[PDB]
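Trainee: task: produce atomic coordinates for the following.
(chains A, B, C, D, E, F, G, H and I)
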Amino acid sequence: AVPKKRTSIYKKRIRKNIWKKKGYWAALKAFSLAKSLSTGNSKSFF
Amino acid sequence: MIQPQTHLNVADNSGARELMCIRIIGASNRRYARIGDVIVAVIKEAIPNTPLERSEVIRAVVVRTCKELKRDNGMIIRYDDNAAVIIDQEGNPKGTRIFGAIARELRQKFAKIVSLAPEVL
Amino acid sequence: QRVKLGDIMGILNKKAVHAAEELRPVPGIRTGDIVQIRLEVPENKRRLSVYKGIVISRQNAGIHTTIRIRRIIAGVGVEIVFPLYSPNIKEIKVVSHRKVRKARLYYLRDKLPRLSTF
Amino acid sequence: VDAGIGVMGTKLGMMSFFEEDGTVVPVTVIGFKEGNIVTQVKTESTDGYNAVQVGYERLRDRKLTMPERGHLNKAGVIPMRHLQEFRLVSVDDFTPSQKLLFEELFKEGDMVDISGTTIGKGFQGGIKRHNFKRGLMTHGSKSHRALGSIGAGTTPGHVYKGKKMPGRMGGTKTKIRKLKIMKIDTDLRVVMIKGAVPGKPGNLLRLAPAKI
Amino acid sequence: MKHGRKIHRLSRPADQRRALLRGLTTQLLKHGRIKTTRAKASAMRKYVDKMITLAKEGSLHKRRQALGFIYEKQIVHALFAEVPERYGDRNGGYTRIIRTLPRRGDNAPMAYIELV
RNA sequence: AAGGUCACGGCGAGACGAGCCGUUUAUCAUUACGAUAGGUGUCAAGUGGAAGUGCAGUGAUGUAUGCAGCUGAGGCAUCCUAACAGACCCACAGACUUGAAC
RNA sequence: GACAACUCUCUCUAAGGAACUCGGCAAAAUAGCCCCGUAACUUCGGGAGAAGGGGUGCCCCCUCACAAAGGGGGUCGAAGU
RNA sequence: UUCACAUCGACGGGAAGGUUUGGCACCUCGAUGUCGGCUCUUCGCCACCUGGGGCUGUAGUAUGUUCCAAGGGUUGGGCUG
RNA sequence: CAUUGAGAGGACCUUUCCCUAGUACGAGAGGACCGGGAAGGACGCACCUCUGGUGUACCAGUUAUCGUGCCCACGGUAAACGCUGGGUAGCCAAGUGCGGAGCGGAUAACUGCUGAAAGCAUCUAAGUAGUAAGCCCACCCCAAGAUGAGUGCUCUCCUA
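Mentor: Numbering: from 1, shown residues only, chains lettered A, B, ... in the order given. Have a look at this structure:
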């Protein structure tokens, strides 16, 4: 359970950039919702 | 479903009352003894005017069971107790009058149990 | 002249019950009745077995609309299942009716058997 | 290599056929949404093997993409969803142009094999995937239902591959074998088959003769 | 595995879920338009369609089952005097599940229930 | 561009990703597709006789209305509600070299 | 939100009943009030609530210490502390 | 019964294995947690069974011993940690 | 989309009973090899038609109490069902189906067929035949990240 050693700058920038790329994937969805929130007949967002 | 530590009542007047059955013969499953499987009984208590006493290993036949009995005709037969017949390896028992009803498939291997039975359903 | 949908459970089951009713008529067995079952078993030559008893349930799933029946044979407690649409039965006879306030008489197994002898 | 062309059909529940002898047999009911039209045959000349390619489930054209519907209209047939071939020995006489093959070929052949997607059970443990035993439920025990030991001691230094771990159990296709056919219906488009097919009512089901 | 278990259970135990259903469909029948989460929205949709069509046939038995389900006394008797005059000929589909922005603090998918 | 992804309504699929099925003048007619989910209407099915009234009884209770009443995770029908509004990725003959016939 | 494995706190479990185990550990079972009845042994104080068995809900009537309580009867439920 | 070698083989001799008890003290004590049980492997053959065969003081059944073969199986319990 | 399959997994297990036949063999007593059939056991892959377990979707009986003004009738609570009685769809087995096939290939031990080195011989030195639950293939599934990245069908590359 206890880690034997530490990680490099290598593997950490890989994992942190996979985390922040996983943050990248959930804003073109927000760009699509922000673009559909604009002028148009949409039956949502009262 | 007859485990190797069950108590079976007697279905004859051979001289016992119930039995702790031990480790069935034939079907090598031995944790599920259905009908017609002989069991290596031991006598838990008996009738004390008969040459069948306490602590006596004997062979018997499971003839009634609380577990179901799938038949090809569509019927399913089940009893409310467990019963055995104190048997010998040459067919017939050493007790004549059979108590309680039995089924009829065990006629294909144990015909003397059926012929001495009061009801064959 | 109509093509059929994926509702073939009800029409295979319905025409199966209608065919088995065309073969032999069967009055309905409600829960709590006291009925007779006349069974056809080969090689016995008596060809009419006696099954008196009390219907405990009716697990009706179309062609397995069945009878959980119970009669105290002189030893103890015999509990037989009968498919009502099988070709092995001959006729049913609703002898009596207990008029019981229950759909499932599973209590009656392990009761005092003077109230269970058909 | 299969011993002949088969069909595919959908499961529509289970019931019990009453044989006139008196027996009660549990049968699965097979329907047929659309005829199993031979769409594309692949012979020894233009392909390395020989197989007959049939399909199933005629649909709307919006449900089907341009390469799919272009492939199906290359044969001049209806646009259909499912599509599978049977590899067959080089004695075949099958035209890919709309052979709406009728289901009479299985009744005299009272042995058939079936393949299908079994129902998935998700990420299940080792107690049900590989039929393990659980530990003691009491007597101060703590390894209830757990996986137990995994490998040997120092000398391996690892665990053997293919070791029985928990994982996703169902979802792959299976074939159960030599299943004896029963009463077909030439108007209800329904075949009784005594057994238990893989999956709930609704899924695709390969129905092809035996390979014994 | 959840094959065919079509009850929609929330993040709450069973009796607390029943009280959430009864209270939120009660105040849904009080205000008409309401802000829920989407799980709570569909969970309102089934039960409030059951309560519109329950007092559609305004007998005493339907009114007593309907009064037994809803908390407030004076809202059941304002219901069967309103639903045959309004929701006759609709024949199902009494609500609308207009969704909105997620909630600040949870990113909870947040919905909004009408009566139409 | 073909084809995907998000979103959308979900699943007999599923820890999350996956996968699968829909994503509407959601047929018109002579005969297999354009009902995805919820509701509704019915049919299987479970418990099993509901409330109210009348009758019998001093009353507990039983009885008729009434296989009624609820349940409807399942089947079929029905566009009543939600499948609206969108967005994004991938484009523009697929390097270089030999042989064959045209 | 979802309703994976698996841990934990609980509920039930066909057939059997300790075969599990170091060991009935843990769970299950008994359980309240009245009536009957209660053994070996003993320091004659006890064991003893030994053990074991029956009634128990609700409506009638009468006897009523005229408050507790009793008997007889009916009524339902599969099951009445 | 005759008969060293169907089967045992005395007095002795030659090997293989590293599964017992030992010998050395070569890694490890700024820590390599012993014995049994549960769960779960996998491997060896010096084969208990299953498959094929030789010999038999093998009439047949059942064997005794031995060759090839490790794919698969090798029970439930009373005692005791 | 459709598959070939290099490679890898799983499965290739086993017992009584009956015919042959109370036949060969044996003074009797006993009792075959070989070839078939049938019922099992474990293991595995599935399924819920039947039988059930659970099923806090459900409905039904009842205790204590608080609300719905009160009687009736309901709702809440008695952990994550108050305690029980049953149950549809799921899940499961104890239940239900199915599997373990091959006069297919080569062999290990062995039996051989011709047959020489020593005009006799010998299963072998040339060639070659029967044959093991063992090896491989066939059997069920995954499978071209098999970078050796396969094969077949079909769609689309437009304007300046």
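
Trainee: in space, what's closest to residue B:56 - neighbours in sequence excluded?
Mentor: Ranked by CB to CB, 6 or more residues apart in numbering or on different chains and with sequence neighbours excluded, the top spatial neighbour of residue B:56 is residue B:43, at 4.8 Å. For every residue, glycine as well, the C-beta is placed using N, CA and C.

Trainee: can you name every helix or strand that the helix or strand that contains that neighbour contacts?
Mentor: Assigned by DSSP states H and E, residue B:43 belongs to strand B:38-46. Packing contacts for strand B:38-46, counted by 3 or more CB pairs under 8 Å, 6 or more residues apart in numbering or on different chains; DSSP states H and E, involve strand B:7-10, strand B:16-22, strand B:57-64, strand B:83-87.

Trainee: paired strands for it, with orientation please.
Mentor: The pairing partners recorded for strand B:38-46 under DSSP bridges are strand B:16-22 (antiparallel), strand B:57-64 (antiparallel).

Trainee: what sits up against the longest helix anywhere in chain A?
Mentor: With secondary structure taken from DSSP state H, chain A has its longest helix at helix A:9-24. Under the contact criterion CB atoms under 8 Å, 6 or more residues apart in numbering or on different chains, helix A:9-24 has outside partners residue A:7.

Trainee: ok, and does the helix or strand hosting residue A:30 reach over to RNA strand F?
Mentor: Using DSSP H and E, the element containing residue A:30 is helix A:28-36. Yes. With CB under 7 Å from any atom of the strand as the criterion, RNA strand F is reached by helix A:28-36 at A:28-29, A:31-33, A:35-36.

Trainee: contacts only, for the residue of chain D found nearest RNA strand G.
Mentor: For chain D, the residue closest to RNA strand G is residue D:125, as judged by CB to the nearest atom of the strand, at 2.4 Å. Contacts for residue D:125 (CB under 8 Å, 6+ apart) come out as D:145, D:147, D:166.

Trainee: distance of it from chain A?
Mentor: The span separating residue D:125 from chain A equals 21 Å under the rule CB to the nearest CB, to the nearest Å.

Trainee: so where does residue E:48 fall, helix or strand?
Mentor: Here residue E:48, judged by DSSP H and E, is contained in helix E:38-54.

Trainee: neighbours of residue 22, how many?
Mentor: I went with chain A, as the question did not name one. Using other CB atoms under 10 Å in any protein chain shown, the number of residues around residue A:22 comes to 9.

Trainee: not what I meant, chain B
Mentor: Using other CB under 10 Å, residue B:22 has 15 neighbouring residues.

Trainee: just residue A:43 next, same as before
Mentor: Residues contacting residue A:43 under the criterion other CB under 10 Å number 9.

Trainee: and if you look at residue B:112?
Mentor: 16.

Trainee: can you classify it by secondary structure?
Mentor: helix (DSSP: H, G, I helix; E, B strand; the rest coil).

Trainee: neighbours of the closest residue to it other than its chain neighbours, how many?
Mentor: In this structure, residue B:112 finds its nearest non-sequential neighbour in residue B:92, 4.3 Å apart by CB to CB, 6+ apart. The number of residues packed near residue B:92 is 15, by other CB under 10 Å.

Trainee: dihedrals phi and psi, residue B:92?
Mentor: Main-chain torsions, residue B:92, degrees, to the nearest 10: phi -60, psi 160.

Trainee: and the residue of chain C nearest chain E?
Mentor: Closest to chain E within chain C is residue C:9: 16.1 Å, counting by CB to the nearest CB.
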